[PDB]
Structures are given as structure tokens and as C-alpha cells.
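Chains as they are written, first to last, in the working numbering: chain S, 80 to 302; chain E, 408 to 616.
Using N, Cα and C, we set each Cβ at its ideal position, and we do this for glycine too.
Notes follow once the structure below has been shown.
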Amino acid sequence: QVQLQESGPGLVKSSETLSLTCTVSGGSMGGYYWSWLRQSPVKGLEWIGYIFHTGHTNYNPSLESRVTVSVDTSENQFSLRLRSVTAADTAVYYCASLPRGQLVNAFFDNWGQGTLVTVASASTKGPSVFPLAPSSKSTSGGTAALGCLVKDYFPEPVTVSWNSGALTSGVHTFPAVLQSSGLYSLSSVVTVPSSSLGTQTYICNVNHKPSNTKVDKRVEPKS
Amino acid sequence: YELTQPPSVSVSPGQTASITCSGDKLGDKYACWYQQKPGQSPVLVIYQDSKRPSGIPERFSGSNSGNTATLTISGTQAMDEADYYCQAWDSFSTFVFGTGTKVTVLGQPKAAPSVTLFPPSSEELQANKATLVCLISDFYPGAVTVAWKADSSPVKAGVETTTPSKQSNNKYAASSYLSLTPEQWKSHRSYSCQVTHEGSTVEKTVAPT
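Written out as C-alpha cells, the structure is:
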């Protein structure tokens with residue numbers, strides 16, 4: 080009944096310390112070892128290090144001297160401190176659980192969602208959302224496409240929902256372009272029955288955690 | 408410490424897939440396997456050589472002998488197309504993962520792409536910028552050609568295009584953006600997005616109205 084979730088994704092300037100925090104809900108900090116891992120191309124899938132509940136830690140020999148894993152049993156959390164990071168530390172960081180007891184038959188059951196930590200010399204930039212309006216009237220009757228364009232943001236990722244997750248069918252979010260400027264941009268599009276335009280309200284919810292910015296744009300037909 | 412797996416393996420629906428992990432020793436140790444689909448976190452499928460947690464279907468099996476650990480997928484279904492990682496240790500360096508193996512299911516008939524062309528939004532034009540958005544979805548295989556048109560002359564500059572990414576449909580999706588100045592957009596009579604897939608081409612067109 081255990082569920083894990085690490086802190087929101089973000090950008091870390093080069094040589095600055097990376098700090099993450101995984102939160103555990105559905106049990107106590109006992110009965111499990113609490114591990115930090117990461118995944119990326121180049122590095123593949125590697126294990127960073129785990130902590131007990133007593134405070135006993137064990138780190139990856141290649142990563143230690145830069146790694147500091149802590150535990151807060153008072154609030155059911157455990158943290159990771161990757162000291163001095165560079166662009167080669169850009170990866171998706173996972174927090175996972177290990178079964179207590181012997182460590183020779185231990186494994187990684189229960190993983191979090193994983194968060195994209197990007198390392199660059201650049202700065203965080205919030206996105207600009209624009210309504211990709213549909214037509215006004217024609218179909219008698221079936222399917223008009225409307226969406227929104229998330230423009231010029233950094234770094235990844237950006238999540239897009241519609242009507243706060245109430246509209247899921249017909250929704251399609253596309254991967255972003257890494258533009259010439261080094262900034263990202265993506266589009267989300269829903270296909271809805273065109274008779275709904277004018278009676279049904281369509282709102283795209285764009286979340287960009289790296290800049291702590293949430294933008295709800297309401298898309299409505301043209302003229 | 409290297410845990411080596413074949414980088415790719417293909418099986419038709421119904422065939423048995425065989426993925427192995429190799430490394431010293433390793434039979435003295437317990438090996439475990441993880442499944443991972445695009446945009447997802449790894450899922451434990453096999454632990455302690457052969458044991459399988461509840462929920463994981465019977466068709467997944469595991470063995471471990473000498474230098475080799477092996478994951479076996481009997482009666483492979485389309486939903487089993489993912490990346491597979493073997494995991495063990497070597498407490499001289501502790502927990503290690505394999506190189507990973509991409510399992511492909513084959514089949515999957517050719518699918519013509521759906522193209523949708525969006526003209527610059529008014530609020531963006533008011534911000535003295537223009538962006539034409541060409542959305543391409545639901546196509547297989549993932550190899551397309553995007554060409555833009557000013558009236559009836561091909562556009563060279565301002566074009567950015569994603570690399571085709573497999574959706575949850577096992578079909579691909581891509582998107583091409585054309586960056587323009589407002590007065591450029593208002594200059595020409597029409598702009599066009601042209602998507603070529605295999606031998607068939609689609610051409611959507613927008614105009615300032």
C-alpha cells in the first residue's frame with residue numbers, strides 16, 4: 080500500500096547542488112530501504128544510493144563524495160543531495176523502495192513517477208500560451224479541432240490537460256521542438272464534435288513546474 | 408561491472424521472446440527484471456531469478472545459470488512491447504543494471520497520417536510574431552517528410568520539425584512549426600503544409616481571414 084513521489088522537476092545551474100525530496104504515503108518509513116536512482120542515455124539506468132530509517136546510508140562508489148542522502152521520519156520523506164553537478168548529470172531521477180532484511184535478495188519494487196532534472200548554464204523561462212482556435216460553423220455534423228500552443232519555454236517538461244482532466248478522449252499532446260534558440264515549444268490538440276462549440280467550454284491547462292507557472296487558457300471559436 | 412543484454416529483439420504476436428543478461432559470475436547471485444514503457448517508470452516483473460509478483464501474467468518467466476540470466480516471454484502480445492532491464496549486484500560496486508533490450512512485436516499495418524494546420528493566433532500576431540503549426544498524427548512507420556509553401560513556392564527558413572515519436576497507439580506523431588513575421592503572413596495569399604508518408608502526400612493550406 081506504499082506510494083512514492085519525488086519533488087517537482089527543475090533546472091540546476093552548472094556546479095550548483097541538486098536537491099530532491101521523495102515523499103512516502105501509505106505506510107511508515109520502516110519496513111523498507113529508501114533508494115535514489117537515475118536514468119538517461121549515456122548513463123543508462125544506474126543506482127545512486129539508499130538510506131535506512133536509522134540513518135544508515137549506502138552510496139554508489141562512482142557517485143559518492145558528491146552524494147548526500149538524508150531521511151526525515153517525522154514527515155515521511157527522504158532527500159537526495161547531488162553536490163557539484165554538470166551537464167552529464169542531466170537525467171530522470173527516480174525514488175524507489177527496497178524490501179527490508181537481507182540485501183542479497185533485495186530489489187526495486189515501488190517506483191515514483193520520476194522527475195526530469197536538467198543541468199545547464201542557462202536560466203529558467205516561463206512559457207507563452209496561445210489559443211489554436213477552431214472554425215466557427217460548417218460540419219453538419221462532426222469533428223472540429225481546437226488546441227493550444229505552448230511557446231518558448233525552458234527547461235522540460237510541460238504537462239498539458241484539458242478541462243482539468245475532465246476531457247481526455249480526443250486529446251493529443253505532441254512532443255516539443257528544441258528550437259534554434261535552445262528553447263522548447265509544444266502543441267496540444269483536441270478533436271471535439273463541432274456542435275459542442277458554443278455550448279461546451281474548452282480550457283487547456285498548461286503546467287510548467289520548472290518555472291512554477293500554471294496557465295489556463297480558454298479556447299473559443301473565431302469570427 | 409557490465410551486465411550485457413542484446414540491444415534489440417523482435418517477435419511476431421504469439422512467438423516466444425528470449426532476452427538474456429550476461430556477466431560474471433553471475434549464478435551465485437539473484438537476478439531480477441524490469442519492464443519499462445515510454446514515458447513510464449520501470450515495473451518489476453521477475454525477482455530472485457524466477458519468482459514473479461502478483462499481477463504479472465504467467466507468460467513471463469525467468470531463469471539463471473552460470474554466466475547467464477534469461478527472461479522468457481511465451482505467447483508475446485502487442486502490449487509487451489517495451490524496454491527490459493536485468494538487475495543484479497556486485498557489492499564491490501553494489502546494484503547494477505543491464506544495458507536494456509527493446510522488444511518489438513511486428514505486424515502493425517501501414518497507417519496514413521492525419522494532418523491538421525493551424526494559422527497564427529490573433530493574440531500572437533498582436534505580439535508581433537507568427538507561428539504556423541502543422542500537426543501530424545497516427546502514422547506508421549515513423550518516417551515522414553514535411554515541406555512548406557509560400558503561395559506556391561517552397562519555404563526554406565523558419566522551419567522546425569520534431570523527430571517522429573511513437574504514441575501509445577504504437578503509431579507515430581510529429582509536428583512542424585513555421586516561424587514568420589506578421590506582415591509576411593499577411594503578404595502572401597496562402598501558406599501550405601505538405602506531409603509525405605511513403606508514396607502518399609497530404610497538403611493543408613491556410614490564409615489570412
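- For the region 215 to 234 of chain S, residues whose beta-carbon sits nearer than 8 Å to a beta-carbon of chain E comprise 224, 226, 228, 230.
- Relative to the Cα of residue 175/S, the nearest Cα in the group 285/S, 291/S, 191/S belongs to 191/S.
- With respect to the 8 Å criterion, residue 580/E and residue 572/E are classified as neighbours on the basis of their beta carbons.
- Ranked by how close their Cα comes to the Cα of residue 289/S, the residues 265/S, 223/S, 236/S have 236/S in first place.
- In the three-state reduction of the DSSP assignment, residue 189/S falls in the strand class.
- DSSP places residue 178/S within a strand segment (E or B) once states are collapsed to three.
- Distance from the Cα of residue 264/S is smallest, within the candidate group 254/S, 273/S, 275/S, 270/S, for 254/S.
- At least one C-beta of chain S is nearer than 8 Å to the C-beta of residue 580/E.
- In the three-state DSSP reduction, residue 118/S falls in the strand class (E or B).
- In the displayed model, residue 431/E falls within coil according to three-state DSSP, outside both helix and strand.
- For residue 501/E, the chain S residues whose C-beta falls within less than 8 Å of its own C-beta are 126, 137, 139, 140, listed in chain order.
- Straight-line spacing of the CA atoms in residue 125/S and residue 118/S works out to 6 Å.
- In the DSSP assignment, residue 137/S is bridged to 129/S.
- Residue 206/S and residue 233/S have their C-alpha atoms roughly 8 Å apart.
- Secondary structure at residue 142/S: coil, using DSSP grouped into helix, strand and coil.
- For residue 131/S, the closest of 146/S, 152/S, 295/S, 143/S by C-alpha to C-alpha distance is 152/S.
- Looking at the backbone, the Cα of residue 555/E and that of residue 562/E are separated by about 5 Å.
- Between residue 209/S and residue 195/S, the CB-CB gap reaches or exceeds 8 Å.
- In the three-state scheme derived from DSSP, where H, G and I count as helix and E and B as strand, residue 286/S is classed as strand.
- Assignment of residue 168/S by DSSP, reduced to helix, strand and coil, places it in the helix class.
- In this structure, residue 511/E sits near residue 415/E, with a CB-CB distance shorter than 8 Å.
- A straight-line Cα-Cα distance of about 24 Å links residue 566/E and residue 238/S.
- In the three-state DSSP reduction, residue 230/S falls in the strand class (E or B).
- Its Cα nearest to that of residue 164/S, the residue 200/S stands out among 240/S, 183/S, 129/S, 200/S.
- Counting every other CB atom within 10 Å of its CB across the protein chains shown gives residue 412/E a total of 16 or more, marking it as buried.
- Taking 8 Å as the cut-off between beta carbons, the residues of the region 186 to 197 of chain S near chain E are 186, 187, 188, 190, 191, 192, 193, in sequence order.
- Residue pairing from DSSP places residue 210/S in a beta bridge opposite 227/S.
- Closer than 8 Å to the CB of residue 515/E there is not a single CB belonging to chain S.
- Nearest neighbour of residue 492/E by Cα position, chosen from 450/E, 461/E, 601/E, 468/E, turns out to be 450/E.
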